[PDB]
Amino acid sequence: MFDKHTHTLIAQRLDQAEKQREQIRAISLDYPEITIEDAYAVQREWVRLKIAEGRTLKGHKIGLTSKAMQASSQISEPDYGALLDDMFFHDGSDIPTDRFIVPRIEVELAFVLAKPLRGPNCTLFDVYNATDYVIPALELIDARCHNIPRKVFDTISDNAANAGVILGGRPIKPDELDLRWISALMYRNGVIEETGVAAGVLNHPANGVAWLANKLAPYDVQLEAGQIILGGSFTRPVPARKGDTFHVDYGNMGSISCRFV
Amino acid sequence: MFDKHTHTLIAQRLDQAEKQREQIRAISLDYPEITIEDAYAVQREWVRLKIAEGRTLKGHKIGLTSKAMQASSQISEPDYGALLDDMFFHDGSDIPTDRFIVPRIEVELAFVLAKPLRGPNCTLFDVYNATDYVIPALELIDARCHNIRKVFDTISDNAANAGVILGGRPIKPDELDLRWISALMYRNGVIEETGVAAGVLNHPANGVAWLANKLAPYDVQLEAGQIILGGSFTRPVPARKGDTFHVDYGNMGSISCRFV
Amino acid sequence: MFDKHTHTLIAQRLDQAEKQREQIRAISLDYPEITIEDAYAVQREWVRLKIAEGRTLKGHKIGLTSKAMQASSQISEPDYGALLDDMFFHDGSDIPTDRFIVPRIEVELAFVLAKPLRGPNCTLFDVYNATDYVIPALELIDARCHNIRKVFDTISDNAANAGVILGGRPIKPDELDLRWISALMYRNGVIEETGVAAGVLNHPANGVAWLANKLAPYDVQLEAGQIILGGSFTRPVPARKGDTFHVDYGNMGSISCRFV
Amino acid sequence: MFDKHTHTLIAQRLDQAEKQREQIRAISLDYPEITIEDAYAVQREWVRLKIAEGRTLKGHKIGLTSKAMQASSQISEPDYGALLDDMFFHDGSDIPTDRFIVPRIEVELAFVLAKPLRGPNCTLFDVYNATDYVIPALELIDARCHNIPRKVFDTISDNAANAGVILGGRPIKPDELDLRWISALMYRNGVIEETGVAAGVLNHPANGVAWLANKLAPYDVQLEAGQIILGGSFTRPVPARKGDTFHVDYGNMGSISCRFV
Ligand code: NA
Ligand code: NA
Ligand code: NA
Ligand code: NA
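In the order they appear, the protein sequences are chains E, D, D' and E'. A prime marks a further copy of an entry chain. Counted the way the deposited numbering counts, the first sequence spans residues 1 to 148, 155 to 267. Counted the way the deposited numbering counts, the second sequence spans residues 1 to 148, 156 to 267. Counted the way the deposited numbering counts, the third sequence spans residues 1 to 148, 156 to 267. Counted the way the deposited numbering counts, the fourth sequence spans residues 1 to 148, 155 to 267.
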């Protein structure tokens, strides 16, 4: 573990990278001995910094769910990041492309909590009990560190690649239908680029939420009522470029659209 | 276009590559001016040779459907290959890994034809009229050429064909919306890929009509009784000795196999 | 009834059998006058020891449900065992085969309690009232005693408990008729067993009420938050290194794992 | 392969065993070199003998489907036998226990053909096209050879253990519902003894029918229109004893009952 001073410095550089839309060198290259604990400490510092600037915590996301599952990727479990108020964009809105560096769109489900979730021993059943609504959600992810390589410690430090969130479609009670079989078609500029099924997220798209509550418990942190929790992408991320229209069709769960300007 | 004898020569090399389970150099490297027409001519020659050896044509597949669709891929349209009787394995079979080189599993839908389909101007509606049943189908794809322009290699190599595994629930085309058939591909207990049938050319029947139209100028049609695989809704997943696969198509049933 | 010290001694032997993955002689052979009361006393001692070592009680299981029902089996009623935290594996996990002796997979339904259940006179309706969710659950059972009267060995051996794997679709008890939940157990791509939930004591919730009633005289109840496995709808299937399991509960989802 | 004379002799002994309700020695013990081809030839001879006596061919069954599938059984594929008119008992009827030796009840689905099925290259799709109705069916199986051992060649010779058939419940068109998920509870004397799901029969309960048509093709034999084809048991066989009542509940597919007297 590094000194807190080091964590703060790395966070400051990530912050400047985001604000200037200019990537820094991969943190893992400058800090070869960085640990997963250091990476989450950098994240916590950056989130603290951004909230001090006037932002508000609105929830969390669980990421790297596919890579955590797939056998031929070295990664052993998912990651997590914090969602801030300024990350949220309305369904059907213009997204300012110049605000981002290498943005990509992911297809997810969001859990809107009615009740807090606190670890350890948080279970899928606790998630069901605490969830007010499930709603489709797109994530816009980005990278403040250069890719050419980059590692998981860099992504985690970099607030798990968080940049944007777009909620939309049909809100449902958790018991309304089997969440495992929610499916989606991601269109970009009139063409299907990816498809996926929600079970591709950790066997059940709610599993990440309980896992997250358990990860946050040691820090005396819980998932608060009113928070929005993004469970993971059931598609590979798709690059977003200026002029692109996205339309993600979740069938009977509705759709989410946006345009990059 | 190369002369017929060159097409026969390349086909013979691919044939021995398959039989010996030993990859040859990419055809496009050895023949730098190979065309798409040459590639299909090589494929035709190889299929002819394999049928002469005692195999029987059972259908066709449409491949490279995702790449054809994807904006950032150079591939402009799908490819096709011939399905032969010895490519078919039963649901829940042990699959001999040693017979293959670098096998990968794809998740598809098969169209079992009751009537012939002939181009040009074959349409989605023609496909529906001619289809007896739709059934889940896995493809096992392979490569007889070394991996490390390259579309010509794949096409010559009978569009990567190697195996087919049918299984699950047979349905009439009109039973449900084929576009929203969804699948989870498990390997060794873990979901490796997921996908939805609309990912195959917007409608999984579209490739069938497209194929009939591609074959028409050669005085070839899709025959009654043929099985047509329309494209994969997932990226292919490597198959290795010891692997079990289970592909869950929800209410459309499942297909499983084990590599031994 | 044996003295407490004898119960402790037998429990210690079972504990070392589990830790060393080395079977001991059947307890009923070494103690020919062992009773059912002794067997549960041994189980209680072993659970106490394992909890003292740092494990936590997470629930219970009801076993031997089919034998209890079958007319041609001597077993008159089900058995029960304690489920501990280190027995639980996630859906889609690699399971370490070396940790077990002769592991077998069973197909069950779990009841996740929102409220306590206490006997005597606990009923099906009490179970429904106290259950938060029902979810598919696999059990991995094992034997710390050599196989080649014998019910006493199983009961002492914590009712063959070893592993638990939850997965699939969580439902409220009232969502559908639990009696007709059905499953296909695949191992290595092939269906080895099938069964229907009503095969568990006529209704898969019945064992939960039965268990509460068995535990009451010991001043023990089923606690809120506990996971109760009610019995297997299939015969157990051996698990060996390299095996993949996939248990398809239809619209109730699936549970999978691989033994490594 | 034995001489036809040998096949006829074995068939005659099986016939006497059935008529006298007295088991013979396992054929494989008396004929150590017997092949699967010999076993089906013995079967064909016995069926010919029984039809010459005045019986009529009503269909076929596919058996040993579970053992053919399970990894820890040596058997590689299913078996088949011929169903004769006198094997059929009405739903809800008394079954004369004295007519049988060691009878056991199996739980199956029957396919009633509207059109003939001829191999080779008969497919599941041909079965669907030729099937008029699917209906629940119980099989009563028996053994004319002693068990203490007996092998597959003995069972096949012994007309694949055929003895009885009981049709009942709800007839459906093949396309009415997914046949794979038809499920059943077998009660004997008020107690559930076995349960099972139809997919346990070769992954699809119709698969055996196409397989059978393909097996019969070399003999210039086809499955005829009007024939009843039993696809295989999705339960282990359960002994039937004098005084036993059976009730097999196929849920929304109805039930079949009988009593042994
Ligand atoms: Na991984
Ligand atoms: Na393209
Ligand atoms: Na009993
Ligand atoms: Na077998």
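Cβ coordinates follow ideal geometry from the N, Cα and C atoms, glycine included.
Residue i, enclosing alpha helix (DSSP H) - first and last residue
i, result
"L124 (chain D')", "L124 to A130"
"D255 (chain D)", "Not the alpha helix (DSSP H): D255 (chain D) falls in the beta strand (DSSP E), residues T251 to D255."
"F159 (chain E)", "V158 to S163"
"residue 149 (chain E')", "Chain E' lacks the residues between 148 and 155, and residue 149 (chain E') is one of those with no coordinates."
"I27 (chain D)", "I27 to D30"
Neighbour-count burial assignment, residue i, 16 or more Cβ in a 10 Å radius
i, result
"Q43 (chain E')", "buried"
"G54 (chain E)", "exposed"
"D184 (chain D')", "exposed"
"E22 (chain E)", "exposed"
"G232 (chain E')", "exposed"
"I148 (chain E')", "exposed"
"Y256 (chain E)", "buried"
"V197 (chain E')", "exposed"
"residue 150 (chain E)", "Residues lacking coordinates in chain E include everything strictly between 148 and 155, among them residue 150 (chain E)."
"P78 (chain D')", "buried"
"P103 (chain D)", "buried"
"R156 (chain D')", "exposed"
"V267 (chain E)", "exposed"
"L117 (chain E')", "buried"
"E37 (chain E)", "exposed"
"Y40 (chain D)", "buried"
"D181 (chain D)", "exposed"
"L113 (chain D')", "buried"
"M1 (chain E')", "exposed"
"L29 (chain D)", "exposed"
"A216 (chain E')", "buried"
"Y225 (chain E')", "exposed"
"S261 (chain D)", "buried"
"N165 (chain E)", "buried"
"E45 (chain D')", "buried"
"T161 (chain E)", "buried"
Which residues DSSP lists as bridging residue i, in chain order
i, result
"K61 (chain E)", "E:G81 and E:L236"
"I95 (chain E)", "E:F266"
"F89 (chain D')", "D':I172"
"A137 (chain E)", "E:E108 and E:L173"
"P245 (chain D')", "D':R104"
"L117 (chain E')", "E':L229"
"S261 (chain D)", "D:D255"
Unbroken beta strand (DSSP E) run spanning residue i, endpoints
i, result
"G214 (chain E)", "That residue, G214 (chain E), is in no beta strand (DSSP E); its alpha helix (DSSP H) goes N213 to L222."
"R48 (chain D)", "No beta strand (DSSP E) holds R48 (chain D); the alpha helix (DSSP H) holding it covers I36 to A52."
"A190 (chain E)", "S189 to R194"
"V207 (chain D')", "Premise fails: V207 (chain D') is in no beta strand (DSSP E) and is neither H nor E."
- Message: At a CB distance below 7 Å, what residues from the region 174 to 199 of chain E approach chain D'? Give them in sequence order.
- Response: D181, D184 and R186
- Query: Using a beta-carbon distance cut-off of less than 7 Å, what residues from the region 56 to 73 of chain E approach chain D?
  - Reply: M69, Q70 and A71
- Could you say if the region 1 to 12 of chain E' and the region 216 to 229 of chain E meet the contact criterion of at least three C-beta pairs nearer than 8 Å? no
- Message: Check whether the region 173 to 191 of chain E' and the region 134 to 142 of chain E' touch, using three or more Cβ-Cβ pairs below 8 Å as the test.
- Response: yes
- Item | Residues from the region 107 to 134 of chain E in contact with chain D', defined by Cβ distance under 9 Å | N121, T123, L124, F125, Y128 and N129
- Query: Are the region 160 to 174 of chain D and the region 86 to 96 of chain D touching, with three or more C-beta to C-beta distances below 8 Å?
  - Reply: yes
- In chain order, what residues of the region 231 to 247 of chain E' put their CB closer than 7 Å to some CB of chain D'? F240
- Task: With 7 Å as the C-beta to C-beta threshold (strictly closer), list the residues of the region 89 to 100 of chain D near chain E' in chain order.
- Result: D91 and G92
- Task: Would you check if there are 3 or more beta carbon pairs closer than 8 Å linking the region 118 to 131 of chain D' to the region 242 to 261 of chain D'?
- Result: no
- Message: Would the region 197 to 213 of chain E' count as touching the region 80 to 87 of chain D if we require 3 or more Cβ pairs under 8 Å?
- Response: no
- Task: Check distances from the C-beta atoms of the region 209 to 232 of chain E to those of chain D' and list, in chain order, the residues that come in under 9 Å.
- Result: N209, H210, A212 and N213
- Contact the region 97 to 111 of chain D' vs the region 237 to 246 of chain D': 3+ CB pairs below 8 Å: yes
- Query: Looking at chain E, which residues of the region 247 to 258 of chain D' have a Cβ within less than 8 Å of any of its Cβ atoms?
  - Reply: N258
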